[PDB]
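Single-structure report; data block below.
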Amino acid sequence: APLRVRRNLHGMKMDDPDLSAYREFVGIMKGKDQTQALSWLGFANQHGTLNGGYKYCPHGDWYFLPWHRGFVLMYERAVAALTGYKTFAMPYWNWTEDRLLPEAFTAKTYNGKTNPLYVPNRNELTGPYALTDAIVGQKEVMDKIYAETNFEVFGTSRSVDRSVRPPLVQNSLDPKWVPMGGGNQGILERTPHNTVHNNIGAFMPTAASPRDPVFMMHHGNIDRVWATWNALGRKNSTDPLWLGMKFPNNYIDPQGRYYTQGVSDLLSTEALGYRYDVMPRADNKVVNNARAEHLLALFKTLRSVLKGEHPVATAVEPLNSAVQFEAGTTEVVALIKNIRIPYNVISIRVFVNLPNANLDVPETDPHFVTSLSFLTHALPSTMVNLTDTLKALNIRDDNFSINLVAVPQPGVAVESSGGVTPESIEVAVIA
């Protein structure tokens, strides 16, 4: 059978057969008994629930991409089955090019009846919720993602269990490592992916995010980024712990029976019967073998920089950490581990050489590094590449500062937003 072509939502007529089949599917699924496995809620429950937290969904570890590919495929197969449109292909939302939520999902009605794709009380993606260039920009974000050659950096690193002393890095194929989290989140996860989830509001910031039908457009694009990454020539992890992991009874088939897939089942979109409408050819970017070896040792756990008793980052008082290296010092990364983020804080902004940074400093500032966003049980961690910002600033000597600004939820008084405290901040020079 010819491959199904997952297509960009932009430009689709509202009755486009692909879009129409999905809308029809969400309507069917919402009309079913929501206590059954074969229902809109039953499908979402495999991801997580509003009041129970995450179930099988991985956040903050290297199973992020493969599990969501199987999750999207689970929905895609159900659409074809329940609607009869056998050639259905899940559309995707390219937020890099289209910064607002797609038309088909903001419309309250379709064809006289209420629109199953609609969710009430979403945030309009403007103002503090805008998908700006620092979140989804082609040069600022996407090009950085595609330049990464190491999978654990690109698609988040291996799981770590911090409910034990000392922390236990993943050492088995037990499926408990999938929702474990504890890894270092890459650009893809903690900038465009998490910010879209947080900014949309309603269901998307929660563990029940698939209850918003736009979840599939968002993760269709994430899956496209992974496919695009591979198509450029980038290699997935060759670690047996990643390749061998199974997702036992994580998914539900169109008849309401649980089924199993694994990472190795979900490596090729062509093997699952689909492709994307736009896909580049290989770019022949050489991979540095020394860089990969150093990174691999980092992820099976370099100056540690977090000083002070109870160090904290607020909206007006940034967490400042001074780094000092030997004279003459090429890539520089920062590891921010186990970040306690209160409910009142929506994101963290990273600066260098701006010890007086605050929430009002614009991201066009030359000291701006990146925006970090996480889904608020394991704590989040991330790695931040400072190289580009250091080069842009023409760093003098071998010392600088890292400044973390806690960005409060819109409308929350800064005095009430609390403080962001990471457990450690380590800076390493990757050869």
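Residue numbering restarts at 1 for every chain of the structure tokens, chains are lettered A, B, ... in their displayed order, and ligands are numbered from 1 as they appear.
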
Near residue 186 in chain A, counting only C-alpha atoms, which residues have an atom at most 9 Å away, once you skip same-chain residues fewer than 5 positions from it, shown as a compact mmCIF listing (two decimals) with C-alpha atoms, in the first residue's frame?
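Result went into out-v5.txt, see below:
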# COMPACT_ATOMS: atom_id res chain seq x y z
CA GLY A 60 12.07 14.40 30.58
CA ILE A 145 17.80 21.49 16.89
CA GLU A 152 20.38 12.25 23.89
CA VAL A 153 21.06 15.97 23.50
CA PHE A 154 18.50 16.28 20.69
CA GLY A 155 15.71 14.11 22.10
CA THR A 156 16.47 14.33 25.86
CA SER A 157 18.85 12.03 27.74
CA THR A 191 11.53 25.10 24.43
CA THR A 382 18.06 20.52 31.16
CA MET A 383 21.29 21.26 29.32
CA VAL A 384 21.80 24.75 27.89

Exercise for review: Find the residues around residue 427 in chain A up to 10 Å (only C-alpha atoms counted), leave out those fewer than 6 positions away in its own chain, and share them as a PyMOL selection string.
Suggested key: chain A and resi 302-306+323-325+332-336+383-386+402

How about saving the chosen residues, N, CA, C and O atoms kept, as a PDB file, in the first residue's frame?
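Below you can see part-v3.pdb, which holds the result:
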ATOM      1  N   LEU A 302      34.696  20.729  33.808  1.00  0.00           N
ATOM      2  CA  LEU A 302      33.344  20.714  34.354  1.00  0.00           C
ATOM      3  C   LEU A 302      33.310  21.342  35.746  1.00  0.00           C
ATOM      4  O   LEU A 302      33.651  20.691  36.733  1.00  0.00           O
ATOM      5  N   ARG A 303      32.896  22.604  35.822  1.00  0.00           N
ATOM      6  CA  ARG A 303      32.854  23.346  37.076  1.00  0.00           C
ATOM      7  C   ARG A 303      31.421  23.436  37.589  1.00  0.00           C
ATOM      8  O   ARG A 303      30.508  23.801  36.840  1.00  0.00           O
ATOM      9  N   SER A 304      31.230  23.095  38.864  1.00  0.00           N
ATOM     10  CA  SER A 304      29.949  23.248  39.544  1.00  0.00           C
ATOM     11  C   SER A 304      29.864  24.660  40.113  1.00  0.00           C
ATOM     12  O   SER A 304      30.771  25.106  40.819  1.00  0.00           O
ATOM     13  N   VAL A 305      28.778  25.362  39.803  1.00  0.00           N
ATOM     14  CA  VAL A 305      28.741  26.815  39.933  1.00  0.00           C
ATOM     15  C   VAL A 305      27.695  27.319  40.920  1.00  0.00           C
ATOM     16  O   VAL A 305      27.771  28.487  41.330  1.00  0.00           O
ATOM     17  N   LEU A 306      26.749  26.491  41.350  1.00  0.00           N
ATOM     18  CA  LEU A 306      25.700  26.949  42.258  1.00  0.00           C
ATOM     19  C   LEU A 306      26.261  27.177  43.659  1.00  0.00           C
ATOM     20  O   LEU A 306      26.614  26.222  44.360  1.00  0.00           O
ATOM     21  N   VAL A 323      31.130  31.850  36.774  1.00  0.00           N
ATOM     22  CA  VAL A 323      31.972  30.748  36.338  1.00  0.00           C
ATOM     23  C   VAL A 323      33.365  31.298  36.089  1.00  0.00           C
ATOM     24  O   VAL A 323      33.523  32.425  35.606  1.00  0.00           O
ATOM     25  N   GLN A 324      34.373  30.506  36.429  1.00  0.00           N
ATOM     26  CA  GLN A 324      35.762  30.878  36.223  1.00  0.00           C
ATOM     27  C   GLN A 324      36.491  29.673  35.656  1.00  0.00           C
ATOM     28  O   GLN A 324      36.433  28.582  36.230  1.00  0.00           O
ATOM     29  N   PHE A 325      37.148  29.868  34.520  1.00  0.00           N
ATOM     30  CA  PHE A 325      37.915  28.833  33.850  1.00  0.00           C
ATOM     31  C   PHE A 325      39.372  29.266  33.778  1.00  0.00           C
ATOM     32  O   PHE A 325      39.716  30.417  34.057  1.00  0.00           O
ATOM     33  N   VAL A 332      30.596  25.308  25.106  1.00  0.00           N
ATOM     34  CA  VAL A 332      30.328  25.473  26.532  1.00  0.00           C
ATOM     35  C   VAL A 332      28.854  25.189  26.781  1.00  0.00           C
ATOM     36  O   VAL A 332      27.983  25.828  26.177  1.00  0.00           O
ATOM     37  N   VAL A 333      28.573  24.243  27.677  1.00  0.00           N
ATOM     38  CA  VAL A 333      27.208  23.880  28.031  1.00  0.00           C
ATOM     39  C   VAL A 333      27.037  24.024  29.537  1.00  0.00           C
ATOM     40  O   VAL A 333      28.001  23.991  30.306  1.00  0.00           O
ATOM     41  N   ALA A 334      25.783  24.190  29.953  1.00  0.00           N
ATOM     42  CA  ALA A 334      25.424  24.293  31.360  1.00  0.00           C
ATOM     43  C   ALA A 334      24.368  23.247  31.680  1.00  0.00           C
ATOM     44  O   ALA A 334      23.382  23.113  30.947  1.00  0.00           O
ATOM     45  N   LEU A 335      24.573  22.511  32.769  1.00  0.00           N
ATOM     46  CA  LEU A 335      23.631  21.496  33.230  1.00  0.00           C
ATOM     47  C   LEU A 335      22.893  22.043  34.445  1.00  0.00           C
ATOM     48  O   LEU A 335      23.497  22.253  35.502  1.00  0.00           O
ATOM     49  N   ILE A 336      21.593  22.270  34.293  1.00  0.00           N
ATOM     50  CA  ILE A 336      20.733  22.745  35.371  1.00  0.00           C
ATOM     51  C   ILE A 336      19.859  21.573  35.797  1.00  0.00           C
ATOM     52  O   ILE A 336      18.972  21.146  35.049  1.00  0.00           O
ATOM     53  N   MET A 383      19.981  20.786  29.741  1.00  0.00           N
ATOM     54  CA  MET A 383      21.288  21.265  29.321  1.00  0.00           C
ATOM     55  C   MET A 383      21.106  22.470  28.411  1.00  0.00           C
ATOM     56  O   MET A 383      20.242  22.468  27.528  1.00  0.00           O
ATOM     57  N   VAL A 384      21.917  23.501  28.628  1.00  0.00           N
ATOM     58  CA  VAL A 384      21.802  24.754  27.892  1.00  0.00           C
ATOM     59  C   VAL A 384      23.135  25.039  27.220  1.00  0.00           C
ATOM     60  O   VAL A 384      24.175  25.102  27.888  1.00  0.00           O
ATOM     61  N   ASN A 385      23.104  25.208  25.902  1.00  0.00           N
ATOM     62  CA  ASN A 385      24.299  25.551  25.146  1.00  0.00           C
ATOM     63  C   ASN A 385      24.505  27.061  25.179  1.00  0.00           C
ATOM     64  O   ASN A 385      23.671  27.820  24.674  1.00  0.00           O
ATOM     65  N   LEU A 386      25.611  27.493  25.777  1.00  0.00           N
ATOM     66  CA  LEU A 386      25.930  28.907  25.908  1.00  0.00           C
ATOM     67  C   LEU A 386      26.869  29.408  24.821  1.00  0.00           C
ATOM     68  O   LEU A 386      27.151  30.610  24.777  1.00  0.00           O
ATOM     69  N   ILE A 402      26.108  33.290  34.715  1.00  0.00           N
ATOM     70  CA  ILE A 402      24.837  32.779  34.213  1.00  0.00           C
ATOM     71  C   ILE A 402      23.736  33.330  35.107  1.00  0.00           C
ATOM     72  O   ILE A 402      23.831  33.254  36.339  1.00  0.00           O
TER      73      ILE A 402
END

Practice item. Go through range 250-385 of chain A and collect every residue that DSSP, computed from the backbone, puts in strand (DSSP E or B); the answer should be as an NGL selection string. Key: :A and (250-252 or 258-262 or 274-276 or 303-304 or 313 or 319-324 or 332-340 or 345-352 or 368-372 or 381-385)

Neighbours of range 79-85 of chain A within 7 Å (only C-alpha atoms; same-chain residues fewer than 5 positions away dropped), as a PDB file with C-alpha atoms, in the first residue's frame?
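What landed in around30.pdb:
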ATOM      1  CA  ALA A  21     -11.783  12.631   8.959  1.00  0.00           C
ATOM      2  CA  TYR A  22     -10.022  13.823  12.119  1.00  0.00           C
ATOM      3  CA  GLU A  24     -15.365  13.325  12.452  1.00  0.00           C
ATOM      4  CA  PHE A  25     -13.164  11.025  14.555  1.00  0.00           C
ATOM      5  CA  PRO A 254      -9.544   0.883  17.386  1.00  0.00           C
TER       6      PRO A 254
END

Exercise for review: Name the residues in contact with residue 326 in chain A at a cut-off of 10 Å, using only C-alpha atoms, excluding same-chain residues fewer than 5 positions from it; report them as a ChimeraX atom specification.
Suggested key: /A:397-399

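Distance check against residue 50 in chain A using only C-alpha atoms: of A:387, A:36, A:376, A:347, the minimum falls on A:376.
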
Check your understanding: Quick one: residues within 6 Å of range 241-253 of chain A, only C-alpha atoms counted, chain neighbours fewer than 3 positions away excluded, as a list in words?
Key -> residues 173, 256, 257, 258, 259, 260, 261, 262, 263 and 264 of chain A

Revision key, fill the gap. Correct to one decimal, the distance CA of residue 93 in chain A-CA of residue 217 in chain A is 4.9 Å

Could you build a table of the residues in range 264-379 of chain A lying no more than 12 Å from range 72-75 of chain A, giving for each the nearest pair of atoms and their separation in Å rounded to one decimal place, using only C-alpha atoms, ordered by chain and ascending residue number, as JSON lines?
{"residue": "A:265", "atom": "CA", "partner": "A:73", "partner_atom": "CA", "distance": 11.6}
{"residue": "A:266", "atom": "CA", "partner": "A:73", "partner_atom": "CA", "distance": 9.4}
{"residue": "A:269", "atom": "CA", "partner": "A:73", "partner_atom": "CA", "distance": 9.7}
{"residue": "A:271", "atom": "CA", "partner": "A:73", "partner_atom": "CA", "distance": 11.7}
{"residue": "A:272", "atom": "CA", "partner": "A:73", "partner_atom": "CA", "distance": 8.1}
{"residue": "A:273", "atom": "CA", "partner": "A:73", "partner_atom": "CA", "distance": 9.7}
{"residue": "A:274", "atom": "CA", "partner": "A:73", "partner_atom": "CA", "distance": 9.5}
{"residue": "A:275", "atom": "CA", "partner": "A:73", "partner_atom": "CA", "distance": 11.9}

How would the residues just chosen look if you wrote them out with C-alpha atoms as a compact mmCIF listing (two decimals), in the first residue's frame?
# COMPACT_ATOMS: atom_id res chain seq x y z
CA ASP A 265 9.01 -0.82 16.28
CA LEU A 266 8.73 2.96 15.87
CA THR A 269 7.74 6.15 9.65
CA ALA A 271 7.53 0.96 8.26
CA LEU A 272 4.45 2.32 10.04
CA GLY A 273 2.97 3.28 6.67
CA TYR A 274 3.33 7.06 6.58
CA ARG A 275 5.58 9.93 5.54

Review point. What lies within 8 Å of residue 99 in chain A using only C-alpha atoms, ignoring chain neighbours under 3 positions off, as a PyMOL selection string?
Key: chain A and resi 95-96+125+130-132

Residues of the last selection are to be written out with N, CA and C atoms, as an mmCIF file, in the first residue's frame.
data_model
loop_
_atom_site.group_PDB
_atom_site.id
_atom_site.type_symbol
_atom_site.label_atom_id
_atom_site.label_comp_id
_atom_site.auth_asym_id
_atom_site.auth_seq_id
_atom_site.Cartn_x
_atom_site.Cartn_y
_atom_site.Cartn_z
ATOM 1 N N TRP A 95 4.192 25.215 13.900
ATOM 2 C CA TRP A 95 4.143 26.485 14.620
ATOM 3 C C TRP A 95 5.337 27.383 14.325
ATOM 4 N N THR A 96 6.403 26.855 13.723
ATOM 5 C CA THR A 96 7.494 27.717 13.283
ATOM 6 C C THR A 96 7.012 28.711 12.236
ATOM 7 N N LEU A 125 -2.713 32.710 21.542
ATOM 8 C CA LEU A 125 -1.249 32.699 21.566
ATOM 9 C C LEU A 125 -0.703 34.078 21.180
ATOM 10 N N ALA A 130 2.568 34.365 23.363
ATOM 11 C CA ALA A 130 2.991 34.324 21.969
ATOM 12 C C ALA A 130 4.087 33.287 21.756
ATOM 13 N N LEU A 131 3.993 32.563 20.644
ATOM 14 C CA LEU A 131 5.076 31.689 20.199
ATOM 15 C C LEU A 131 6.062 32.562 19.436
ATOM 16 N N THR A 132 7.039 33.098 20.159
ATOM 17 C CA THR A 132 8.001 34.034 19.601
ATOM 18 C C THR A 132 9.178 33.295 18.965
#

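Across the structure, CA of residue 235 in chain A and CA of residue 285 in chain A are spaced 11.3 Å apart.
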